[PDB]
Amino acid sequence: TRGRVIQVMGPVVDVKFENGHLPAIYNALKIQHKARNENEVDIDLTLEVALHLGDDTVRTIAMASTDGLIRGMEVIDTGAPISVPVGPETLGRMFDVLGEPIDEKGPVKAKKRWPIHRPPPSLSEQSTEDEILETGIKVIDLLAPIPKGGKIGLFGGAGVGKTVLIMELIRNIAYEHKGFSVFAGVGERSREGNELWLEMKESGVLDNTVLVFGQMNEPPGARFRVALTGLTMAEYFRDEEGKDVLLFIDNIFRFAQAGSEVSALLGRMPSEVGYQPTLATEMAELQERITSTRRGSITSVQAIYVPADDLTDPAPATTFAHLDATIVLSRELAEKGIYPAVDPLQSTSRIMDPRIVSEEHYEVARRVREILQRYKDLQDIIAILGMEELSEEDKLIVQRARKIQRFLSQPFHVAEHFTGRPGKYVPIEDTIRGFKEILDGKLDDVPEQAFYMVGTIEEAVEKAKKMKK
Amino acid sequence: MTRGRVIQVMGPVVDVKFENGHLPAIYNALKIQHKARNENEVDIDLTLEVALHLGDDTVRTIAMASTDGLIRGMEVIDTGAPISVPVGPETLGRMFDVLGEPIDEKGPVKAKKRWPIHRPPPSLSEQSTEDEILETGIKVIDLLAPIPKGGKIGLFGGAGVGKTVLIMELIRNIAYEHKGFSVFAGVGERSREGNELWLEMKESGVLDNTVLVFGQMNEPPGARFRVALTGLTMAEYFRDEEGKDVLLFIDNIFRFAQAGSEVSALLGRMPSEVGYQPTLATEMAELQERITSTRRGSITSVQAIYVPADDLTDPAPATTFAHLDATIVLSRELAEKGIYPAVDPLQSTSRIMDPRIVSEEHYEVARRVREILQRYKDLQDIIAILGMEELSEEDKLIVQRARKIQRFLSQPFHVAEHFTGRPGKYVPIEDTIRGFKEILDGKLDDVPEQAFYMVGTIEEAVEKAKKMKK
Amino acid sequence: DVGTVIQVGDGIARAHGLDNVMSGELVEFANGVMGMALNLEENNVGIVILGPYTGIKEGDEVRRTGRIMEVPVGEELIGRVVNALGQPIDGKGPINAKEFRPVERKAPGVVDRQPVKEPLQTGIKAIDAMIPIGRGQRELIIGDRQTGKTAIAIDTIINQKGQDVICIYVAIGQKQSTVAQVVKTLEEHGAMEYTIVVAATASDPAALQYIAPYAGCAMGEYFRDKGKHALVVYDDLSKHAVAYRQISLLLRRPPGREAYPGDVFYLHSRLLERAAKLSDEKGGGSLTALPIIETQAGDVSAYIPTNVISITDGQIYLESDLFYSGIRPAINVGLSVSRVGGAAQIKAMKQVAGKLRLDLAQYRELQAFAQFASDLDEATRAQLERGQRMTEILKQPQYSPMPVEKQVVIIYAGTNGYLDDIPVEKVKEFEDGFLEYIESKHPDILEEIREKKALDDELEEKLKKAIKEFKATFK
Amino acid sequence: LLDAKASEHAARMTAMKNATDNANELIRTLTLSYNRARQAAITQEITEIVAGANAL
Ligand SMILES: Nc1ncnc2c1ncn2[C@@H]1O[C@H](COP(=O)(O)OP(=O)(O)OP(=O)(O)O)[C@@H](O)[C@H]1O
Ligand SMILES: Nc1ncnc2c1ncn2[C@@H]1O[C@H](COP(=O)(O)OP(=O)(O)OP(=O)(O)O)[C@@H](O)[C@H]1O
Ligand SMILES: Nc1ncnc2c1ncn2[C@@H]1O[C@H](COP(=O)(O)OP(=O)(O)O)[C@@H](O)[C@H]1O
Ligand SMILES: [Mg+2]
Ligand SMILES: [Mg+2]
Ligand SMILES: [Mg+2]
């Protein structure tokens with residue numbers, strides 16, 4: 001009981017099963033062909049079922065290029081979804097969308113395989129304990145603390161600092177955490193994945209890590225299913241072994257975009273801004289699985305691409321309801337050379353509650369947002385009226401806000417080539433202590449140029465002495 | 001059978017069925033000639049151009065004249081070739097329709113040679129690469145956007161900003177120094193202006209050296225679409241079969257794109273952007289690659305481009321910018337202030353503005369003018385609120401010189417004598433460079449800003465100031 | 001292997017039969033013209049025509065070639081002007097290439113690559129010091145029309161004569177008079193001895209404008225697989241995207257954002273991921289890329305621009321207001337970045353300007369503040385003075401490139417502050433005067449920097465002693 | 001000085017009155033342009049949606 005290819009429409013393919021024994025939705029199909037004559041080409045392809053049509057026909061999405069496919073070929077039904085290898089034998093390896101090794105270390109001998117599509121945990125077995133997870137980054141550790149066991153979202157447009165922030169978090173959190181780590185490069189540059197793999201090989205961190213790729217040059221079918229392959233591997237460490245795990249994902253927007261690219265060819269009516277009529281449903285089936293249960297916790301850091309610096313686009317707008325902490329990166333700070341470019345007004349987390357953080361942490365964080373919010377509205381006026389026309393309280397707020405905004409900057413270890421500086425780590429007590437002296441006016445005498453790419457507040461005074469002031 | 005039948009009529013578009021295996025080719029011209037056989041019918045003489053092969057021996061054709069009166073079942077003849085237009089020296093001093101038929105009432109034209117309207121452009125080995133300035137006597141064009149002899153010039157603008165007045169002045173200057181065959185194509189414009197131009201050509205005696213083709217606003221979409229190509233097939237014969245230099249004037253290249261959009265919607269094609277055709281860039285390029293200079297002789301063309309609103313991002317104005325060697329943009333703000341021609345000094349540019357082609361003195365003066373005009377456009381958004389009382393030192397001095405420069409770019413045209421009692425003027429390149437250089441240096445800082453309105457040379461500003469006595 | 005045409009129109013056709021055709025195959029009409037099969041419905045094949053279609057009639061026969069889309073490759077293509085297909089367009093006879101390769105190929109995998117560590121010298125002060133490019137990197141040139149996008153790409157190709165590099169220029173949707181002027185500019189400067197030109201002009205069938213960048217890529221990767229470095233330029237990917245919208249709408253594929261199809265990101269991702277620096281195991285070869293984009297009214301926020309900016313390893317933005325106000329080349333330092341920047345430079349350039357982009361951003365911001373603040377503390381005066389001097393040192397006229405050994409000597413003097421007393425208008429004359437004096441008095445420094453490619457302490461004293469001889473002539 | 005301070009306050013009062021009037025006029029002209037853009041974006045978006053739905 002086999003099937004035949006009937007229509008080849010770029011990434012989408014149609015298959016007819018004459019016996020009446022059709023494959024279920026999401027099942028995996030195989031096309032393995034040997035060329036009969038000199039005109040044909042050998043083919044090796046996997047396709048997943050997406051929809052049941054009327055005349056014994058099924059629509060399927062291919063996971064690789066459809067070039068060389070001929071109408072009337074033979075299709076085999078595997079009888080189950082895309083099944084990926086799971087266990088401790090996946091540690092220190094690199095994988096494809098189908099869970100096959102993309103490194104040259106040989107086959108994986110894991111005794112079990114799990115389907116990438118699985119029902120999410122139920123309300124009756126979730127957990128929600130609250131504690132502060134340190135990053136060593138001045139902005140995140142103060143204004144938007146990371147919840148252990150919670151989802152973190154880094155939002156930004158093209159070239160604002162998202163991947164340079166993910167890489168610094170992996171080199172800080174994972175380097176200060178016992179337990180497994182997982183990374184999924186969803187629709188990103190294959191040059192960045194190579195550099196990450198080499199950094200891991202050098203440091204020795206691959207022994208506790210798993211990597212999944214399926215990059216930009218792959219068809220739409222692979223670009224949306226990659227996040228599920230990385231997730232079925234992080235779930236085994238939580239549910240079967242009981243260990244805590246970190247899941248890092250770059251460009252979750254490519255998963256939303258890839259779903260939109262194949263939606264029109266399947267026959268679905270279009271929706272707002274050219275997205276599929278099932279956007280919220282497809283992001284929920286991904287995000288609802290990355291949660292902390294009674295057995296173990298998945299802490300998750302995700303990078304979100306904002307198409308034109310407009311947070312109102314359907315994919316970024318649909319994402320905001322699922323996070324526990326959200327950090328927004330603005331090109332306005334990046335163009336001024338203030339990196340990591342985190343917006344101190346739009347950044348927030350589930351942990352900025354007076355019952356969870358220390359008293360002075362809560363006071364300093366709320367005072368920073370008020371002085372910067374006051375300065376934001378006043379700087380616009382200065383461009384038309386001139387700084388000479390404003391009052392002494394306004395002049396004082398302008399002078400302090402400039403210094404606060406610059407002290408939020410820090411040199412990352414992964415940014416040595418871009419900064420010409422070695423990189424620095426700042427603990428939470430120093431972040432709170434440093435911002436308090438600026439708010440209280442202790443350093444009103446120090447020049448505003450003594451806070452760019454610095455670390456601890458003691459360095460600003462030493463740097464001012466080197467500047468001969 | 002070489003004949004077909006009408007199967008559908010849908011305004012400008014028609015569908016014709018032929019015998020199995022004997023169908024007309026794409027772009028072939030078809031003929032319908034019918035005499036009424038009963039009082040209920042009407043008589044028709046009409047031609048159609050094939051556009052698509054639709055299957056089942058059927059073909060889709062555009063019509064060159066109104067389809068009112070057509071009945072399903074009429075007989076269609078296949079000519080066996082595209083719309084073929086008469087060409088040679090005998091076309092000089094005559095005017096024609098889209099089909100190459102005369103609308104002059106002077107009788108027929110000797111049919112020695114006829115060329116099909118669709119043909120390929122000169123290839124890379126045939127094209128010529130040389131640059132020299134064609135002088136037009138208009139200050140803003142000669143300084144900021146010099147015309148390349150043998151190239152394409154585009155005049156962009158909205159409704160009532162002066163494109164037709166600028167083309168009429170160009171014909172009275174360039175066609176009076178070119179000393180070779182000139183061609184004018186009226187595409188989707190007023191038939192009143194066409195008549196005024198034809199009468200002026202007769203009194204001047206200029207008709208003996210020119211050809212005129214007309215497709216006006218009242219014509220159906222099929223005719224408005226093919227008229228630019230009929231003017232070009234005649235202009236092309238002179239630079240290829242006689243070797244002479246030629247001038248080609250097109251009053252609206254935008255109506256050519258708009259007519260393609262109107263007929264595209266009726267052919268059963270999916271829309272794109274602001275409802276335009278899915279073939280906009282390819283249809284425009286087929287026309288504009290043919291308008292080129294070769295080793296034999298050169299074609300220099302002036303084109304007026306309409307903008308649907310005061311918005312240059314529209315699909316038709318946006319696609320034509322890539323094909324032009326010089327671009328001139330006309331702005332409503334300058335026209336409502338009274339500054340004519342209303343050419344924007346920052347949006348207008350030319351491929352000849354390179355140190356290698358222009359004189360060193362010209363290059364310094366033109367670059368120094370755009371810097372002061374850009375600096376004054378930056379101060380413009382703040383002075384709109386506070387005014388110029390807050391400004392001090394160099395920012396204040398920059399607006400004082402920018403005012404004088406913006407007014408010295410205005411010029412009284414000869415074609416404008418019918419609107420204002422002022423006589424027209426022609427300004428040589430040596431006079432424009434010297435006048436702007438002295439304004440930039442500050443030698444004329446004492447003269448009032450009102451003394452540079454609608455003048456020719458810098459000495460006229462000195463006597464105009466002396467007349468005022470202020 | 002045979003079919004019959006059922007529909008013909010606008011460079012697209014539909015055929016009946018052709019049962020064994022493969023997705024992406026080549027097909028021949030009775031007229032001798034070629035076409036590519038891009039759709040395979042249950043009863044009809046959808047064919048894209050690769051030439052003039054006005055001779056193809058309904059009911060004509062169409063035959064299966066039995067081959068996928070293929071282009072010829074080799075060293076013999078150097079110094080030649082060619083079509084999107086394997087056909088010459090210059091007056092120089094046949095090509096006589098040795099082998100043919102497919103137009104569609106998968107990009108190098110994560111393990112086949114190596115990090116980028118060697119420079120692609122542009123000879124332009126702002127790009128080499130602030131936005132460095134490395135061999136194997138993908139860099140984007142972007143702005144509106146008439147801003148200098150073509151000048152930066154050609155100045156870069158002209159600067160590759162000394163180095164063992166092969167250049168490819170792909171013209172998509174360009175006017176024929178400009179292609180002839182580019183080819184003649186390359187011949188005057190001698191660049192035709194190491195370059196290939198692939199052209200698909202505006203009047204060419206849209207189908208050939210689609211294939212032009214992929215065929216230009218197939219010719220570039222051939223040198224990269226052997227071990228040689230190569231560069232590819234794409235004159236307008238925005239014109240390639242506009243071209244891609246037409247056949248997809250004529251084949252009746254549904255639209256998306258703007259009116260462009262859903263495959264728009266995948267179009268440029270399939271192309272730009274083939275550019276890489278390979279590992280020592282693969283032979284160490286390198287395919288660099290320079291795509292170009294045109295954006296209406298100078299706005300970065302649009303569908304085709306944002307897709308490509310999200311694919312490349314950096315971008316260079318050109319602004320018309322910078323151009324009309326005297327800043328040439330008109331590159332905005334705030335919006336332009338290199339994702340490989342710092343590793344793609346020689347040690348002397350990192351030592352001299354490893355922090356220049358961040359410093360030139362403090363000054364760019366201070367301009368907007370100072371013009372309305374009316375108060376300038378000593379530390380702000382010192383940065384305004386230094387920032388003005390650095391913005392003048394970065395100006396550069398056309399067809400006059402700076403070798404790296406001269407670029408690290410002027411930027412060393414500027415960043416160390418020796419240009420403090422020199423007036424703003426005087427900096428231009430000081431740069432030209434000082435660079436000519438180096439090529440006269442003790443040229444040992446200029447040659448020693450070129451060999452070592454690093455600035456040591458001896459080369460610092462040798463240079464600090466030289467900068468003080470010329471300044472002794474001032475007030 | 002008495003006349004100079006009075007005339008200074010009178011001059012500033014007239015300058016601020018004109019500056020406020022120029023800004024209020026600019027606000028209505030910009031508001032009308034925003035309403036044209038708002039309506040243009042909605043008709044364009046709805047027509048892209050309906051064109052796509054008709055095609056499918
Ligand atoms: N901490 C930093 N210090 C200095 N420069 C930085 C820093 N973070 C980012 N940059 C600069 O900004 C650029 C942003 O590149 P990045 O890879 O982070 O882009 P991105 O925001 O991740 O965009 P994308 O997701 O599309 O890759 C860097 O390549 C670098 O030039
Ligand atoms: N550094 C410079 N100094 C002076 N002039 C320059 C400079 N760079 C470019 N130009 C000039 O500006 C124009 C730039 O044309 P170019 O083709 O490079 O721009 P473009 O953005 O590609 O425009 P187009 O779309 O027409 O091709 C030419 O006249 C060129 O000689
Ligand atoms: N040089 C000029 N001097 C005075 N009025 C002019 C001048 N140029 C244009 N105009 C006026 O502007 C309008 C230009 O008409 P026309 O050139 O036909 O407009 P269009 O740009 O639509 O083709 C007319 O009202 C005309 O009187
Ligand atoms: Mg990134
Ligand atoms: Mg007119
Ligand atoms: Mg160019």
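Labels below follow one simple rule: chain letters A, B, ... track the order of the sequence lines, proteins then strands, and each chain is numbered from 1.
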Verdict with supporting geometry, C/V340 and A/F418, side-chain contact (heavy atoms from CB on, under 4.5 Å): CA-CA 8 Å; C/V340 183; A/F418 312 133; over 6 Å; no
Which answer fits [X], side chain, backbone, both or neither, if we ask what part of it has an atom under 4.5 Å from a heavy atom of chain A?
X      : value
C/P108 : backbone
C/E281 : side chain
C/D299 : neither
C/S374 : side chain
C/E41  : both
C/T380 : both
C/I311 : both
C/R364 : neither
C/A276 : neither
C/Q345 : neither
C/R339 : both
C/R253 : neither

Side chain, backbone, both or neither of [X] within contact of chain C (heavy atoms, under 4.5 Å):
X      : value
A/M73  : neither
A/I338 : neither
A/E40  : backbone
A/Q379 : neither
A/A158 : side chain
A/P447 : side chain
A/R331 : neither
A/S190 : both
A/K469 : side chain
A/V164 : neither

Considering all heavy atoms of both residues, which atom of [X] and which atom of [Y] are nearest to each other, and what is their separation?
X      : Y      : answer
C/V111 : A/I102 : CG2-O, 3.8 Å
C/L358 : A/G337 : CD2-O, 4.4 Å
C/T306 : A/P307 : CG2-O, 3.5 Å
C/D1   : A/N39  : OD2-ND2, 4.4 Å

[X] side chain near [Y] side chain, heavy-atom distance below 4.5 Å:
X      : Y      : answer
C/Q362 : A/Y452 : yes
A/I381 : C/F372 : no
C/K355 : A/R421 : yes
A/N217 : C/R270 : no

Name of the residue among A/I43, A/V41, A/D67 meeting side chain to side chain contact (heavy atoms under 4.5 Å, CB included) with C/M22: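 When A/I43, A/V41, A/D67 are each tested with C/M22, the side chain to side chain contact (heavy atoms under 4.5 Å, CB included) holds only for A/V41.
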So which of [options] has the biggest tally of heavy-atom pairs under 4.5 Å with chain A?
options                        : value
C/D313, C/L335, C/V21, C/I68   : C/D313
C/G24, C/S338, C/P115, C/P254  : C/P115
C/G354, C/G341, C/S301, C/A373 : C/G341

Pair C/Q383, A/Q449: side-chain N/O donor-acceptor within cut-off below 3.5 Å: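 Yes, because at least one side-chain N or O of C/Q383 sits under 3.5 Å from a partner of the opposite role on A/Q449.
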Which of [options] touches chain C most, by non-hydrogen pairs under 4.5 Å:
options                       : value
A/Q215, A/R254, A/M94         : A/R254
A/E195, A/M467, A/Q257        : A/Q257
A/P219, A/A334, A/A450        : A/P219
A/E38, A/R191, A/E416, A/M387 : A/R191

NZ or CZ of A/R402 within 45° of C/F369 ring axis and under 6.0 Å: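 Yes - A/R402 lies over the ring of C/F369, closer than 6.0 Å to its centre and within 45° of its axis.
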Could you go through residues 260-269 of chain C and list every donor-acceptor pair under 3.5 Å that involves a side-chain atom there, pairing it with any protein atom two or more places apart or in another chain?
| from | atom 1 | to | atom 2 | distance (Å) |
| --- | --- | --- | --- | --- |
| C/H268 | NE2 | C/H240 | ND1 | 3.0 |
| C/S269 | OG | C/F265 | O | 2.8 |

Under 3.5 Å donor-acceptor, A/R189 side chain and C/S310 backbone: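 It does hold such a pair.
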Residues A/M216, C/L272; criterion side-chain contact (heavy atoms from CB on, under 4.5 Å); working and verdict: CA-CA 10 Å; A/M216 280 184 183; C/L272 295 173; over 6 Å; no
All salt bridge (charged side-chain N to carboxylate O under 4.0 Å, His left out) counterparts of A/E261, not counting sequence neighbours: A/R223
Roughly how far, to the nearest 0.5 Å, is the [atom2] atom of [Y] from the [atom1] atom of [X]?
X      : Y      : atom1 : atom2 : value
A/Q399 : C/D375 : CD    : CG    : 8.5 Å
C/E365 : A/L333 : CD    : CG    : 9.5 Å
C/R257 : A/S260 : CZ    : OG    : 8.5 Å

Check against side-chain contact (heavy atoms from CB on, under 4.5 Å), C/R113 and A/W197: CA-CA 11 Å; C/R113 296 173 185 251; A/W197 167 62; over 6 Å; no
Salt bridge A/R71-C/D19, side-chain N to carboxylate O under 4.0 Å: no
Would one find more than 12 heavy atoms of other residues, nucleotides or ligands at under 6.0 Å from atom [atom1] of [X]?
X      : atom1 : result
A/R268 : CZ    : yes
A/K463 : NZ    : yes
A/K466 : NZ    : no

